[PDB]
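Printed here is entry.cif (mmCIF, C-alpha atoms):
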```cif
data_target
loop_
_atom_site.group_PDB
_atom_site.id
_atom_site.type_symbol
_atom_site.label_atom_id
_atom_site.label_comp_id
_atom_site.auth_asym_id
_atom_site.auth_seq_id
_atom_site.Cartn_x
_atom_site.Cartn_y
_atom_site.Cartn_z
ATOM 1 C CA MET A 18 132.098 11.936 31.816
ATOM 2 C CA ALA A 19 129.124 9.870 32.990
ATOM 3 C CA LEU A 20 126.181 11.583 34.665
ATOM 4 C CA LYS A 21 124.816 9.900 37.754
ATOM 5 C CA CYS A 22 121.116 10.408 38.305
ATOM 6 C CA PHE A 23 118.407 8.215 39.793
ATOM 7 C CA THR A 24 116.758 5.656 37.571
ATOM 8 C CA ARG A 25 113.639 4.089 39.017
ATOM 9 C CA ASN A 26 113.011 0.473 38.057
ATOM 10 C CA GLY A 27 109.644 -0.022 39.645
ATOM 11 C CA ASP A 28 109.870 1.972 42.862
ATOM 12 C CA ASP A 29 113.543 1.765 43.806
ATOM 13 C CA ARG A 30 115.956 4.668 43.834
ATOM 14 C CA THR A 31 119.335 3.920 42.368
ATOM 15 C CA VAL A 32 122.188 6.177 41.289
ATOM 16 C CA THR A 33 122.861 5.167 37.714
ATOM 17 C CA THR A 34 125.662 6.460 35.545
ATOM 18 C CA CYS A 35 124.636 7.311 31.993
ATOM 19 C CA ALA A 36 126.832 8.010 28.968
ATOM 20 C CA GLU A 37 127.940 11.411 27.646
ATOM 21 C CA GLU A 38 124.875 11.316 25.416
ATOM 22 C CA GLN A 39 122.429 11.395 28.298
ATOM 23 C CA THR A 40 124.136 14.311 30.037
ATOM 24 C CA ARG A 41 120.806 15.522 31.408
ATOM 25 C CA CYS A 42 118.419 13.963 33.875
ATOM 26 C CA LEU A 43 114.696 13.393 33.535
ATOM 27 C CA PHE A 44 112.376 14.077 36.441
ATOM 28 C CA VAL A 45 108.601 14.232 36.046
ATOM 29 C CA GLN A 46 106.156 15.035 38.860
ATOM 30 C CA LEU A 47 103.440 12.497 39.560
ATOM 31 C CA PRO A 48 100.486 12.670 42.003
ATOM 32 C CA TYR A 49 101.627 9.265 43.269
ATOM 33 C CA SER A 50 105.242 8.516 42.398
ATOM 34 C CA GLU A 51 107.917 10.260 40.323
ATOM 35 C CA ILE A 52 109.667 9.682 36.998
ATOM 36 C CA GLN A 53 113.430 9.361 37.231
ATOM 37 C CA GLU A 54 115.985 8.554 34.523
ATOM 38 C CA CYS A 55 119.025 9.750 32.601
ATOM 39 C CA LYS A 56 118.199 11.490 29.361
ATOM 40 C CA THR A 57 120.201 13.174 26.617
ATOM 41 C CA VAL A 58 120.045 16.981 26.765
ATOM 42 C CA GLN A 59 117.959 17.394 23.597
ATOM 43 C CA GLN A 60 115.969 14.224 24.196
ATOM 44 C CA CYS A 61 115.055 15.220 27.734
ATOM 45 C CA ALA A 62 114.027 18.660 26.478
ATOM 46 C CA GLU A 63 111.809 17.151 23.800
ATOM 47 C CA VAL A 64 110.376 14.569 26.171
ATOM 48 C CA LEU A 65 109.955 17.409 28.640
ATOM 49 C CA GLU A 66 107.442 18.965 26.298
ATOM 50 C CA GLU A 67 105.629 15.760 25.424
ATOM 51 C CA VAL A 68 104.867 15.136 29.117
ATOM 52 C CA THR A 69 104.478 18.795 30.045
ATOM 53 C CA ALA A 70 101.903 19.217 27.288
ATOM 54 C CA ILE A 71 99.897 16.499 29.032
ATOM 55 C CA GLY A 72 99.955 18.427 32.275
ATOM 56 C CA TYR A 73 102.764 16.613 34.045
ATOM 57 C CA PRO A 74 105.493 18.960 35.385
ATOM 58 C CA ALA A 75 109.002 17.881 34.479
ATOM 59 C CA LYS A 76 112.613 19.038 34.685
ATOM 60 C CA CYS A 77 115.856 18.142 32.996
ATOM 61 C CA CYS A 78 118.671 19.665 35.013
ATOM 62 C CA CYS A 79 122.413 19.028 35.194
ATOM 63 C CA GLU A 80 123.817 17.656 38.452
ATOM 64 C CA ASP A 81 124.266 14.250 40.023
ATOM 65 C CA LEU A 82 120.983 13.062 41.443
ATOM 66 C CA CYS A 83 119.480 16.287 40.034
ATOM 67 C CA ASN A 84 116.290 14.494 39.073
ATOM 68 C CA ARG A 85 114.509 15.419 42.303
ATOM 69 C CA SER A 86 112.412 18.210 43.826
ATOM 70 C CA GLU A 87 110.343 17.387 46.898
ATOM 71 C CA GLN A 88 113.344 15.945 48.720
#
```
Step by step, read the file and then write its structure as structure tokens.
Amino acid sequence: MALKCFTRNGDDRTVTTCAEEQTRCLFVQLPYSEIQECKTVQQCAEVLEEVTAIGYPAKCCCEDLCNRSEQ
């Protein structure tokens, strides 16, 4: 029932609540900023690989605000 992870529109950090579809959370490491968004379990897994094949570390974990690491 609604996952709440950070979605970054530009550079802000806001707790957004996504639908049951996007029950996972996307977080990609960047040497400058970070990628943050809600993402459907499968989708986030598949997008995990697209970015992680480029060399950008990513995670799709399940928890509010879970899209984080170096906090």
Review point. Care to translate the PyMOL selection byres ((chain A and resi 35-39) around 10) into actual residues of this file, as a ChimeraX atom specification?
Key: /A:18-22,24,32-34,40-43,54-61
Check your understanding: Any idea what's packed within 9 Å of segment 28-30 of chain A, counting all atoms listed in the file, ignoring anything in its chain fewer than 5 positions away? Could you give it as a ChimeraX atom specification?
Key -> /A:23,50-51,53
Exercise for review: Quote the spacing between atom CA of residue 68 of chain A and atom CA of residue 81 of chain A in Å to one decimal place.
Suggested key: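 Atom-to-atom, atom CA of residue 68 of chain A and atom CA of residue 81 of chain A are spaced 22.3 Å apart.
Counting all atoms listed in the file and comparing A:27, A:52, A:47, A:70, the residue that lies closest to residue 84 of chain A is A:52.
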**Study point:** Between atom CA of residue 78 of chain A and atom CA of residue 44 of chain A, distance in Å (one decimal)
**Key:**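 That distance, rounded to one decimal, is 8.5 Å.
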Practice item. With a distance cut-off of 12 Å and all atoms listed in the file, select the neighbouring residues of residue 72 of chain A, excluding the residue or stretch itself and same-chain residues fewer than 3 positions from it, and output the selection as a ChimeraX atom specification. Key: /A:45-48,65-69,75
